[PDB]
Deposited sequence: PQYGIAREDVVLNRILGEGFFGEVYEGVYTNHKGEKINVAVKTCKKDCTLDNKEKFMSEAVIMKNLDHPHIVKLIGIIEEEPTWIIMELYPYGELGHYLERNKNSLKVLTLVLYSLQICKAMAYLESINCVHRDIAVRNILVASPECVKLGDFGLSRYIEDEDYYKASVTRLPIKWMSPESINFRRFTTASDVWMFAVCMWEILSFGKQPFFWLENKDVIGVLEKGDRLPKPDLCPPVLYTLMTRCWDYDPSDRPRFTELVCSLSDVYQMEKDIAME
C-alpha cells in the first residue's frame, strides 16, 4: 500500500512557524509498522492561492531529491489540510548546535559539515537549481556525523548575498557559491553572524571596495583562500560547487591528517 494515510501520522508539539504555516513534531507509522519521528509542515487555512501552489510546488521538488545531505521528505498528504511529512532532525539548527558545542568541536568536523553541504549543492548545481538559503540557520543537524541542507529560500539576508543579488536581484548557482562561502565562514566562526559590525546599507559599498569577511581564528589559511575565491566580485570567476567538493575533500584530508585521525 503505497503513499501515506493521514491516520499513519500523529501530531505532537508545535516546533515553530515556517513561511507557509506551522511545523509540528509527530510520529509516522510506516508500512513495516515502524515508528518514525517526523517534522510535519502545514499551510495556513487563510493563505492566498499562489502561496498554496508554491507550498506544493516546493514539496514536489523536495520529494524528488534524495541526497544524504539534504533534508528528507518522507511523503505528502495532498487532501486539505495538506501536510508535508519530513524526517525530524531533533538536534535542530546548525548555528545553535555550534554555539552550544563550540568547546568540544574539532576543526576537522567544521570542515566535514562544509564538505557535506558542498556535496548537496554540487547535486543542485548539476540541475541548475538555485537554493538561495545556504546558511547555518537553515542547516539541520541529523547527528554529530551528518548535517542536512534545509528548504529552498523564500526568495532580506543582505549580509549573506552576492553583489549581483543585492544590486540586481540576480540569483544563480554562482550566487549560491558566494552564499555557501558565507555559510562556511559562519561554521568556522561557530555560528557568528556575517558582518555583525555593519548595517545592511553599508555592505555593498564594502564589497565594492574588495573588503570581505576576515579569516575566522580557527579557519585554516587554505580554506580561507578558497572562501575568498567564492567571493570574487565577478560571478564567472567563482569556482563551481563540483570544483569545491574536490578542494574541500583535500582540506578535510589535511585537517584529519594533522589531527592524526
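Taking the first deposited residue as 1, the stretches without any C-alpha atom are 1, 157-171.
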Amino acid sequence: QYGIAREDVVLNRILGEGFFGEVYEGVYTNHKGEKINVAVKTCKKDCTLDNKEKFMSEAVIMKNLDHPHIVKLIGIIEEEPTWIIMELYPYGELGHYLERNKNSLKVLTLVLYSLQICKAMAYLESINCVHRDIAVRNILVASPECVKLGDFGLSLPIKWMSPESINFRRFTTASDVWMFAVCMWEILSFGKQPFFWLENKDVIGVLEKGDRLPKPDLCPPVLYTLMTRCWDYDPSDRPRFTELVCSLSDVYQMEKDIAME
From here on, numbers count along this sequence of modelled residues.
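Note that the rigid core is defined as the largest set of C-alphas that superpose within 1.5 Å between two forms.
Across the superposed structures in 9 other deposited structures of this protein, aligned by the core, the stretch whose Cα atoms lie more distant on average is 18-26, chosen from 236-244 and 18-26.
With 145-153 and 93-101 as candidates, the stretch whose CA atoms show the greater average offset from this form in 9 other deposited structures of this protein after a core fit is 145-153.
Judged by mean Cα B factor in the deposited record, 43-51 ranks above the other of 43-51 and 212-220. Comparing 162-170 with 120-128, the higher mean C-alpha B-factor in the PDB entry belongs to 162-170.
Between the residues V206, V38, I70, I61, the entry's highest C-alpha temperature factor is the one at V206. Take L140, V182, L156, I74 and read off each C-alpha B-factor from the entry; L156 has the highest. Annotation for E99: CA B-factor lies in the middle third of the chain's modelled residues. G150: CA B factor lies in the lowest third for its chain, per the PDB record. Split the chain's modelled residues into thirds by C-alpha temperature factor. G33 is in the highest one.
In this PDB entry, the Cα temperature factor of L244 sits in the bottom third of its chain's modelled residues, the lowest group. In the PDB entry, a CA B factor belonging to the middle third of its chain's modelled residues is recorded for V23.
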